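Quick notes on the structure that follows.
Bear in mind that the values in this text are calculations on the coordinates, not laboratory data. Because the Cβ atoms are built from the backbone with ideal geometry, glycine has one as well, and the counts that use them run over all protein chains shown.
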Amino acid sequence: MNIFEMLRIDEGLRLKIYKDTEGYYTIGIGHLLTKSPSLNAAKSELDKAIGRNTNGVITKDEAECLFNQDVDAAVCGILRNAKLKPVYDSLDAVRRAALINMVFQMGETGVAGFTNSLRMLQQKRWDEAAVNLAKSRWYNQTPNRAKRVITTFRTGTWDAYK
Ligand SMILES: *SC1=NC(C)(C)N(O)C1(C)C
Ligand SMILES: *SC1=NC(C)(C)N(O)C1(C)C
Ligand SMILES: [Cl-]
Ligand SMILES: [Cl-]
Ligand SMILES: [K+]
C-alpha cells in the first residue's frame with residue numbers, strides 16, 4: 001500500500017465524465033473538473049487538463065496522468081501551507097498519506113481549517129484526533145471513506161485498506 005493505491009481505492013476509476021459524491025463533474029481517479037453545473041464547462045476543463053479536444057472520455061493512461069499530477073498538487077498544497085506543513089512534517093509516512101488523502105478530497109484550505117484536529121495529530125493523540133475528525137461535515141457526508149482515513153490516522157497502519 002501507498003498513497004497512490006490508497007486514493008485509487010477511495011476514488012475509483014471512471015473514464016467518462018461523471019458526478020462525484022458532491023454532485024460535481026469529475027473524471028478518472030477522482031479528478032474534480034469543476035463545481036459548475038454546466039457539463040460544457042466541465043468538458044472545457046477536461047480538454048484543458050488533457051491538452052486535446054476530448055469527447056468527455058479519456059484513456060486509462062490519461063486518467064493515471066491526471067492522478068499523478070493531482071497527488072503531486074496535494075503534497076505541494078500541504079508543503080506550502082503554514083498550518084498543514086508542520087503537521088505533515090511531524091507524521092510518519094502512513095499518516096502522511098492520510099493527510100494527502102484529505103487534501104485530495106477537500107482541498108488545502110478546507111483541511112487547514114481543521115485546526116483542533118491538526119493540533120491533536122501533531123500532539124500524537126491518535127484516539128482523540130480520531131474522535132475529533134469524525135465531528136465534521138466530511139465524516140457525515142462520506143462516512144465510509146472518512147472512517148478509512150481516520151483509522152489510518154488512529155493506527156498508523158494500512159489496516160483499513162487491506
Ligand atoms: S502524463 C501523460 N498522459 C499520456 C498518457 C498522454 N502520456 O503519454 C503522458 C505524457 C505520460
Ligand atoms: S502548491 C500547488 N502546486 C499547484 C500548481 C498544482 N497548485 O495549484 C498549488 C496547490 C498552489
Ligand atoms: Cl514526534
Ligand atoms: Cl473532540
Ligand atoms: K470518486
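Considering the range 137-146 alone, what residues qualify as being surrounded by 15 or more Cβ atoms within 10 Å (Cβ to Cβ) and not hydrophobic (A, V, I, L, M, F, W, C)?
Here is the first cut: in the range 137-146, the residues surrounded by 15 or more Cβ atoms within 10 Å (Cβ to Cβ) are 138-139, 142, 145-146.
Selection gives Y139, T142, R145.
For (1) within 18 Å of the chain's Cα centre (by Cα); (2) closer than 25 Å to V94 by Cβ; (3) not polar (S, T, N, Q), each residue gets a yes or a no:
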{"residue": "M6", "(1), (2), (3)": "yes, yes, yes"}
{"residue": "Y18", "(1), (2), (3)": "yes, no, yes"}
{"residue": "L39", "(1), (2), (3)": "no, no, yes"}
{"residue": "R52", "(1), (2), (3)": "no, no, yes"}
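Return the residues of the range 108-135 that are over 21 Å from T157 (Cα atoms), more than 9 Å from ligand 4 (Cβ to nearest atom) and charged (D, E, K, R); say none if nothing qualifies.
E108
Check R119, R145, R125 and return the single one that is touching a residue at least 24 places away in the same chain (Cβ under 8 Å) and among the basic types (K, R).
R145
Being assigned to a helix (DSSP H, G or I) and either within 16 Å of ligand 4 (Cβ to nearest atom) or surrounded by fewer than 19 Cβ atoms within 10 Å (Cβ to Cβ) (or both) is the filter here, so list the residues in the range 50-62 that pass it. So that I can check it myself, show each step before the final result.
Going through the range 50-62, the residues assigned to a helix (DSSP H, G or I) turn out to be 50, 60-62.
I50, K60, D61, listed by residue number.
Got a number for residues in the range 141-162 being assigned to a helix (DSSP H, G or I) and within 16 Å of the chain's Cα centre (by Cα)? Outline the logic, then answer.
Quick first cut of the range 141-162, residues assigned to a helix (DSSP H, G or I) only: 141, 143-155.
Add one more test, that the residue is within 16 Å of the chain's Cα centre (by Cα), and what stays is 141, 143-153.
Of the residues in that region, 12 qualify.
Do you know which of the residues in the range 107-123 that are polar (S, T, N, Q) and away from ligand 2 (no atom under 16 Å from the Cβ) is surrounded by the most Cβ atoms within 10 Å (Cβ to Cβ)? Let's see the steps before the verdict.
First pass over the range 107-123, keeping only residues polar (S, T, N, Q): 109, 115-117, 122-123.
Right, trim to away from ligand 2 (no atom under 16 Å from the Cβ) and you get 115-117, 122-123.
Values: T115: 9, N116: 12, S117: 23, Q122: 15, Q123: 11.
Ranking the qualifying residues of the range 107-123, first place goes to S117.
Given the criteria surrounded by 15 or more Cβ atoms within 10 Å (Cβ to Cβ), more than 16 Å from ligand 1 (Cβ to nearest atom), of a type in the set (F, W, Y) and under 15 Å from the mean Cα position of the chain (by Cα), does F104 qualify? Break it down into steps so the answer makes sense when it comes.
On the way: surrounded by 15 or more Cβ atoms within 10 Å (Cβ to Cβ): yes; more than 16 Å from ligand 1 (Cβ to nearest atom): yes; of a type in the set (F, W, Y): yes; under 15 Å from the mean Cα position of the chain (by Cα): yes.
In short, yes.
Tell me which of these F153 doesn't satisfy, since it passes every other one: (1) surrounded by 13 or more Cβ atoms within 10 Å (Cβ to Cβ); (2) within 13 Å of ligand 4 (Cβ to nearest atom).
Checking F153 against (1) surrounded by 13 or more Cβ atoms within 10 Å (Cβ to Cβ); (2) within 13 Å of ligand 4 (Cβ to nearest atom), the one that fails is (2).
Is it true that some residue in the range 147-160 is within 23 Å of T26 (Cβ to Cβ) and within 16 Å of ligand 2 (Cβ to nearest atom)?
no
Of the residues in the range 1-28, how many are among the acidic types (D, E), assigned to a loop (DSSP other than H, G, I, E, B) and touching a residue at least 40 places away in the same chain (Cβ under 8 Å)?
We begin by selecting, within the range 1-28, every residue among the acidic types (D, E); these are 5, 10-11, 20, 22.
Adding the requirement that they be assigned to a loop (DSSP other than H, G, I, E, B) leaves 20, 22.
When the remaining residues are screened for being touching a residue at least 40 places away in the same chain (Cβ under 8 Å), the result is 22.
Number satisfying all stated conditions: 1.
Name the residues in the range 1-27 that are buried (at least 20 other Cβ atoms within 10 Å of the Cβ) and within 16 Å of ligand 2 (Cβ to nearest atom), would you?
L7
Has the range 61-82 got at least one residue that is more than 16 Å from ligand 2 (Cβ to nearest atom), out of contact with any helix residue (DSSP H, G or I) (no Cβ under 8 Å at 6 or more places or on another chain), closer than 26 Å to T151 by Cβ and in contact (Cβ under 8 Å) with a residue 40 or more places away in the chain?
no
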